[PDB]
């Protein structure tokens, strides 16, 4: 049944004016906002926690710098099968019909983060909304 998932709207969505576009696509699939924060600039330690599984990758520091280059919005979304369905909505830059498929064309600057599992979800929600 109901799941909650963590979504980040990335700084490129703000620069390109696609924040409502991305949010609108999740809204139209009937997912509801449980929690939301706007960060004019997200603290670097939060981004590094969020991406900690990536700490050894070559792209790690650069992606963090990107994630801190403009605003982000963190959202907890709720709905039936939210984790997997919001992941599919995110998609990838090769898959038309998805957010990244229609609107992104970059390895790094790809508009949206969504939790990919139950464990990452629980962990990511606790990073951005620790009051709970």
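Positions refer to the first chain, counted from 1.
The mean Cα B-factor in the deposited entry runs higher for 51 to 59 than for the other of 83 to 91 and 51 to 59. When the C-alpha B-factors of 6 to 14 and 115 to 123 are averaged, 115 to 123 comes out higher.
Among the modelled residues of its chain, residue 104 has a C-alpha B-factor that falls in the lowest third, as given in the PDB entry.
Per the deposited record, the Cα B-factor of residue 46 falls in the highest third when ranked against the other modelled residues of its chain. When all modelled residues of the chain are sorted by CA temperature factor, residue 36 is found within the highest third.
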